[PDB]
Amino acid sequence: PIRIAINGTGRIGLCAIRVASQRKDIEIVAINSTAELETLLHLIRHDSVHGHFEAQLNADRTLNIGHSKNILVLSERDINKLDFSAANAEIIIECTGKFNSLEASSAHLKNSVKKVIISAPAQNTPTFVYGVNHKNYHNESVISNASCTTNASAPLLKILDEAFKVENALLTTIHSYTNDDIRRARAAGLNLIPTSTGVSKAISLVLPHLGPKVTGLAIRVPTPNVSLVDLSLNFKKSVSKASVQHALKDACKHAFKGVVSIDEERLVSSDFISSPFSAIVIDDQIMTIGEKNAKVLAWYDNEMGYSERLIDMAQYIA
Amino acid sequence: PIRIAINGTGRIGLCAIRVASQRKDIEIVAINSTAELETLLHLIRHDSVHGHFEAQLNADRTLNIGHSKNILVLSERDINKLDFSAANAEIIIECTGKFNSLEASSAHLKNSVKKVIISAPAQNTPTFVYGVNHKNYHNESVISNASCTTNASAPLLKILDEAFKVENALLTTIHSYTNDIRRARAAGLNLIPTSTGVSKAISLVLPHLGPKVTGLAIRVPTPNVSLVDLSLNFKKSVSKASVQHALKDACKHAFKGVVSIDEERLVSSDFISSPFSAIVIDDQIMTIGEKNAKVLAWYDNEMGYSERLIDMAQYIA
Amino acid sequence: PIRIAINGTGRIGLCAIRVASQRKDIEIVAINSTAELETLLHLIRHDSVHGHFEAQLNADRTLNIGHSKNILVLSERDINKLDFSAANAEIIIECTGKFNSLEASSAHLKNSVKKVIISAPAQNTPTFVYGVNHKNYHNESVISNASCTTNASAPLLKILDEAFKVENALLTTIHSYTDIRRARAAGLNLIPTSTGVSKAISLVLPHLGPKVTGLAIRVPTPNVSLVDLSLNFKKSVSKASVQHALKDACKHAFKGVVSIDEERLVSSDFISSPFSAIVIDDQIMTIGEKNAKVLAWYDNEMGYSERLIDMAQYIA
Amino acid sequence: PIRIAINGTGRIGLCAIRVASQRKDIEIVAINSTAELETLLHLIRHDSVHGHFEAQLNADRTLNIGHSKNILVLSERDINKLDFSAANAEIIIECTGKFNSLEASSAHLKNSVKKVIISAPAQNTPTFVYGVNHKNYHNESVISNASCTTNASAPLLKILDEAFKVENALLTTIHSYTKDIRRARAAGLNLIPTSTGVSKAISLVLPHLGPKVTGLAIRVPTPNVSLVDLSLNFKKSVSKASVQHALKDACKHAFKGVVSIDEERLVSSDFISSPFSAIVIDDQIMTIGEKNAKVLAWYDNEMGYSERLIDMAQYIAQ
Ligand code: NA
Ligand code: NA
Ligand code: NA
Ligand code: NA
Ligand code: NA
Ligand code: NA
Ligand code: NA
Ligand code: NA
Ligand code: NA
């Protein structure tokens, strides 16, 4: 199996642990956490959003979770002292948020450690979204998995561009913040909060030909975990509700199998908690206006889709 | 004063009462409510969103609110028995939700009662949005004030069409719901996509634009303050600054008192009880390519609409 | 298998369907619902709180759920026209809220149909709480399963009275909900409400009911509620002795009914719990010789619904 | 007027600014904040809970709010460098949460500074609750105003003890929130029980009662308006009517302006911004047996406490 270590046990790290533990060709050899061991085990077992999970402590105080039966637990805040090579980790999943740059995360590249995947946008760092541009990977030692919002948006842009040619698009993310710029200085409270999110630049990293043609924003909403992306697109080729439906359905069967899904059951946001998909298209709400414009909406769990792609990327770059 | 009666004391009726009570050239002569007198008084006085409000009972058990010092309180569910004419009302603000059609609301027309404004979309009913097409009013006896969502989106459409010529637009309403199979879902804390007939609603007040627009709503569990998100494609070229400038200029002139601009980077709860039909989010205006813009605006889904209701009452009188 | 019908597909009716479908000795033979068939199916399959559940439609348009393979679906508002007898139903789980009285629910009784359990407090109706007084059943044909609040509090009152002898108690239910106060917007408010605790407890523990009273505070969270008992006892208590008395009851007389949380969990961890009450072990406290505070969680749909079916199996 | 300075502009410091600005015998001469001046002015003016407030910048970059027309704005994190004496401050309202101890806050006692009131429980610090034990104040230079919870419960305990003699009481605080493993869980939408050292807290202000009372808090995800729920056992026999009368009488007399009664059957949101330490829920008072009662009371988590903080400032200045 591919030997990985997870650095950081916030929400993303915890979800990565749970996801990676279920992949038969992964072995988690080490977790580094600011939490004491017993607290870490509690947090893995009990989750306000994703429910209960099986995890045990071995007699030797390693963790035993799924396929990963011998997980060393560390608690070293100083990246220069942290030694994942001693656990024979090959791939570091960097989930602390304290090293989100090429230079900072490169400090992990010690002795036998092969690669780092940063679970966030990272300054000066090659960025990949599984299903979108991962096949452009060329042995880079330190990469970014972008954001949950880009992982939802970028597949949809790619499908729709390949089918109808995107001339321009406007994206609104409805970002569910319950479990997650002067407007930031206020209590979130139960407010709707608009925020700029650098969509164009973010898309440019993984779809360089589209980034300059798209922009948008986020609206933060006090609901839990499940977010929605709202794409308003202008295409070169003429479109209908049916042709757009077909292009998305077909991609989910083929090039985006396991990454994009379609909801034909008229479900609501809570139905997608813990979904593994990067995006789940809201089929019945696909609409067109004029010859060349469409609106496409898609759900995503802002933790689980991203975490599944993070471990997909680990498997791929190995 | 213009003598009005309010039928229904749900959320819109209550807000209409509060608004009307503060207008010097309005007199609320009657309120018909399914609530008992004392309950009605409590609901007028204490509001979980809009706060506390001064109201008294007179000795003779009429209500006393602001400029309306002698409001008769009725409790008659049958519109054919209901007689607002006994209080010399000239205009009905129809807020019950039970008579949202021309045929049904025409039952109000008797004796002194010459006009009805329905506080909702209504079948076969002439529909007006103040600032958008109210000047086309031609003495119709029963009209609709449309919805809160249309009152926010239609002004923005008209301003931007006049400036840049709308070719197409997509409108997402983020509809605050704290106060179709998806509707069978105990909303809980769900986000809920909903079709809303945007094209038809806009066609009623901007016939030239209705066919060029569509969209939807996303119901969200926050209170009162909603947002509309317009994605527009224009004939003329645009920029953030030129869109900003067109909206700002409209708020000084033809949409004064109807559309406002937020330049202070506020959040939703800052607009609770706002009287505007829409408050443009200045800093979040954006464009892409030569011809496309995104415009967001806030609105309180009760208070903007209720202010317009009474504006329309004064105008049609 | 014992053949039951569910009348009403609100929250409690849906949860009773799901629970009953997983019990091998129960066959659901009919459901009556104001929803159209396809909508009912959707609501059984998809739940904003309890998650996704497997359910299928047969060719003949009966439902197939768990051990209940051939469920007749009805839609009849008139209790006199409605006939669960045609599916050979012995017991009705009455969950509409429209017939919460002995007189009203008696109309179910016809043919195969021998018994009704009303899923709420019902006027003039023999009331039982499983593990508290169900063994006092003497074949009554219409019974009430009381409320979710009483199913949580009555077991705890019984355990603690037997151990230490209740002199008096005050109960506060924090009731998760996602009289002029009822005209006020739910969401956005803590709402105190009287709930006739004393009377409700008197129905199932007649000696205790007069010694207790309380109220509820309605809070905008989903499903998982808490009961907060402040008790004065004749015998002396400590955290340790109270803890021990509750723990022992969970192993013995209240096994499967009351549980203890020793893991310091929070409310959302008990969503879908089958227990009538889960005691919050670390938050038990005493003061003076004679006073204790005991908290317990409960899912206000699932524990109650498990009890509903438990009671069906018992009175059969 | 009494010259005060406010250290810290979190929620409590912001409320203290607004309350103090409206007191004719107070002058706020300085505010120390981690925020830049323009951001502070924004936070004072616009509040998600208490609404909009008038505040202006003077030409000389002081703030002008209510009776405080010349407020100096500082941004010094190091308490040893911070010089409130340069603004002739007499009373420091210590609202940062970084110096909640006698030793730590005594660093404020420089040059012309006369007194410090800490807006939190503080280690080794004389603690006072206005209306409960403030008349026991004896010139102490550093004091604590306790917590918002204690400010609600202690007045009720004192009133009811004086009337009927508390033998024992059990207190549950329903705390509206917008080592203890439960704190490792993002609050989220959860109800969260927490031990809160009620007995010790009460002991500080009512030493004779602290040993007879205990309790806990349940954290609930509603904004600002909290409830205290007291279950009391008395020496003297009580009735609903006698308990009602005792509370009503105290609100007219010894607790005028501190405790009030709600006879209008209102709900939590109706008390947002209330200045009272506690608002008794009159219709929900109940007794059982001869000697036991339950009493509930509302309070705004911020405003009641902030009003008392400035009341205490005015009191100790004299
Ligand atoms: Na009517
Ligand atoms: Na105009
Ligand atoms: Na503004
Ligand atoms: Na509006
Ligand atoms: Na008691
Ligand atoms: Na304390
Ligand atoms: Na006072
Ligand atoms: Na207080
Ligand atoms: Na005062």
# chains A, B, ... in the order shown; residues from 1 in each chain; ligands from 1

call {"tool": "interface_residues", "arguments": {"of": "chain B", "to": "chain A", "cutoff": "6 Å", "atoms": "only C-alpha atoms", "output": "number ranges by chain"}}
result
B: 190-192, 267-269

call {"tool": "write_last_selection", "arguments": {"atoms": "N, CA and C atoms", "output": "CSV table (one decimal), in the first residue's frame"}}
result
chain,number,residue,atom,x,y,z
B,190,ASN,N,-32.4,23.0,6.0
B,190,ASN,CA,-32.1,22.7,4.6
B,190,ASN,C,-32.0,24.0,3.7
B,191,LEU,N,-31.1,23.9,2.7
B,191,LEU,CA,-31.2,24.7,1.5
B,191,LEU,C,-32.2,24.0,0.6
B,192,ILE,N,-33.1,24.8,0.0
B,192,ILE,CA,-34.2,24.1,-0.8
B,192,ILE,C,-34.3,24.9,-2.1
B,267,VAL,N,-23.8,43.5,6.4
B,267,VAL,CA,-24.3,42.1,6.3
B,267,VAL,C,-25.8,42.1,6.4
B,268,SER,N,-26.4,40.9,6.2
B,268,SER,CA,-27.9,40.8,6.0
B,268,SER,C,-28.6,41.4,7.2
B,269,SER,N,-28.3,41.1,8.4
B,269,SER,CA,-29.1,41.6,9.6
B,269,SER,C,-29.1,43.1,9.7

call {"tool": "interface_residues", "arguments": {"of": "chain C", "to": "chain A", "cutoff": "9 Å", "atoms": "only C-alpha atoms", "output": "list in words"}}
result
residues 42, 46, 47, 48, 49, 51, 52, 263, 265, 266, 267, 268 and 269 of chain C

call {"tool": "residues_near_ligand", "arguments": {"ligand": "ligand 5", "cutoff": "9 Å", "atoms": "only C-alpha atoms and all ligand atoms", "output": "list in words"}}
result
residues 167, 168, 169, 170, 171, 212, 229, 230, 231, 232, 233, 291, 292 and 293 of chain C; 169, 170, 231, 232, 233, 288, 291, 292, 293 and 294 of chain D

call {"tool": "write_last_selection", "arguments": {"atoms": "C-alpha atoms", "output": "compact mmCIF listing (two decimals), in the first residue's frame"}}
result
# COMPACT_ATOMS: atom_id res chain seq x y z
CA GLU C 167 -40.36 13.93 48.25
CA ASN C 168 -40.75 16.46 45.42
CA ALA C 169 -39.28 17.13 41.97
CA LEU C 170 -39.18 19.93 39.43
CA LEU C 171 -38.73 19.04 35.75
CA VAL C 212 -43.79 16.73 40.75
CA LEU C 229 -34.81 16.85 36.85
CA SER C 230 -34.25 18.65 40.16
CA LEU C 231 -35.29 16.21 42.89
CA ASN C 232 -35.63 16.35 46.68
CA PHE C 233 -35.46 12.90 48.31
CA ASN C 291 -31.15 17.14 46.39
CA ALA C 292 -30.00 15.97 42.98
CA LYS C 293 -29.97 17.22 39.41
CA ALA D 169 -30.86 25.45 45.17
CA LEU D 170 -30.06 23.92 41.81
CA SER D 231 -35.07 25.09 41.51
CA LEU D 232 -35.07 26.09 45.16
CA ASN D 233 -35.83 24.46 48.52
CA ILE D 288 -44.50 22.04 44.58
CA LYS D 291 -41.11 24.47 50.35
CA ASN D 292 -40.01 24.20 46.69
CA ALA D 293 -40.18 26.62 43.80
CA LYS D 294 -38.98 27.04 40.26

call {"tool": "atom_distance", "arguments": {"atom1": "atom CA of residue B:211", "atom2": "atom CA of residue B:238"}}
result
22.0 Å

call {"tool": "residues_near_ligand", "arguments": {"ligand": "ligand 2", "cutoff": "9 Å", "atoms": "only C-alpha atoms and all ligand atoms", "output": "PyMOL selection string"}}
result
chain B and resi 131-133+155+158-159+162+250+253-255

call {"tool": "residues_near_ligand", "arguments": {"ligand": "ligand 7", "cutoff": "12 Å", "atoms": "only C-alpha atoms and all ligand atoms", "output": "number ranges by chain"}}
result
D: 19, 23, 129-132, 134, 151, 155, 251-260, 274-278, 303-315

call {"tool": "write_last_selection", "arguments": {"atoms": "C-alpha atoms", "output": "compact mmCIF listing (two decimals), in the first residue's frame"}}
result
# COMPACT_ATOMS: atom_id res chain seq x y z
CA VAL D 19 -23.53 51.93 27.51
CA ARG D 23 -24.16 57.99 30.96
CA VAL D 129 -22.29 41.95 41.58
CA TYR D 130 -24.23 45.23 41.58
CA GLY D 131 -27.33 44.89 43.77
CA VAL D 132 -25.94 41.81 45.54
CA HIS D 134 -21.47 46.00 45.89
CA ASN D 151 -25.21 38.64 37.47
CA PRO D 155 -29.86 38.79 42.56
CA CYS D 251 -38.01 45.04 41.68
CA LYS D 252 -39.78 48.10 43.11
CA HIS D 253 -37.26 48.50 45.94
CA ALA D 254 -33.79 47.05 46.62
CA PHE D 255 -33.37 45.72 43.05
CA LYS D 256 -34.98 48.60 41.14
CA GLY D 257 -33.14 48.89 37.80
CA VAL D 258 -31.44 45.50 38.31
CA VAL D 259 -34.25 42.90 38.33
CA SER D 260 -37.53 43.30 36.46
CA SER D 274 -32.58 44.64 27.93
CA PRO D 275 -30.59 46.57 30.62
CA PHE D 276 -31.74 44.27 33.43
CA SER D 277 -29.55 41.65 35.10
CA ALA D 278 -32.62 39.39 35.11
CA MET D 303 -26.35 44.20 27.73
CA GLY D 304 -27.45 43.44 31.32
CA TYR D 305 -23.88 42.73 32.30
CA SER D 306 -22.52 45.84 30.48
CA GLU D 307 -25.07 48.08 32.20
CA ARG D 308 -23.93 46.63 35.54
CA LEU D 309 -20.27 47.03 34.61
CA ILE D 310 -20.77 50.81 34.15
CA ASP D 311 -23.04 50.96 37.24
CA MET D 312 -20.11 49.45 39.16
CA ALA D 313 -17.71 52.00 37.61
CA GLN D 314 -19.91 54.86 38.77
CA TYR D 315 -20.30 53.27 42.23

call {"tool": "residues_near_ligand", "arguments": {"ligand": "ligand 6", "cutoff": "8 Å", "atoms": "only C-alpha atoms and all ligand atoms", "output": "list in words"}}
result
residues 120, 121, 146, 147, 149, 150, 196, 197, 198, 200 and 201 of chain D

call {"tool": "residues_near_ligand", "arguments": {"ligand": "ligand 3", "cutoff": "8 Å", "atoms": "only C-alpha atoms and all ligand atoms", "output": "MDAnalysis selection string"}}
result
chainID B and resid 261:266
